[PDB]
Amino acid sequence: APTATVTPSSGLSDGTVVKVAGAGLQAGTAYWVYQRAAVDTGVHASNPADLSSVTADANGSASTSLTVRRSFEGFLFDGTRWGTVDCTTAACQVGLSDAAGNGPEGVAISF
């Protein structure tokens, strides 16, 4: 199954740059690399401002840089502006999803 890692994923400050890496992804496919938090069970609010992506190489691997924030203006997948999200108490993680919502499990990060 698809895996992902965020290094470093702890002791992060606002504006910190981390490396997001995916493995066991499908070659050639694009995966949205983004910061998020579940404002409801199974319902994620993300940060498009610093969003980015990645296309798994022939071995289904890829990594990139992501700028994380302690707090960010979160939007839902349906486009709705949810509101400001403070990762200080919210369980923010870095997601890796393709255009159909598939990919590895979100990686918990903390500040």
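Counting begins at 1, following the sequence as shown.
Chemist: Do the CA atoms of 93 to 101 or those of 7 to 15 have the higher mean B-factor in the entry?
Modeler: In the deposited entry, the stretch with the higher C-alpha B-factor mean is 7 to 15.
Chemist: Among the candidates 78, 50, 40, 73, give the one with the maximum CA B-factor reported in the record.
Modeler: If I rank 78, 50, 40, 73 by C-alpha B-factor, first place goes to 40.
Chemist: Would you check the entry's CA temperature factor for residue 20 and let me know if it's in the chain's lowest, middle or highest third?
Modeler: Residue 20: CA B-factor falls in the lowest third of its chain.
Chemist: Going by what the PDB entry lists, where does residue 26 fall on CA B-factor within its chain: lowest, middle or highest third?
Modeler: Top third by C-alpha B-factor.
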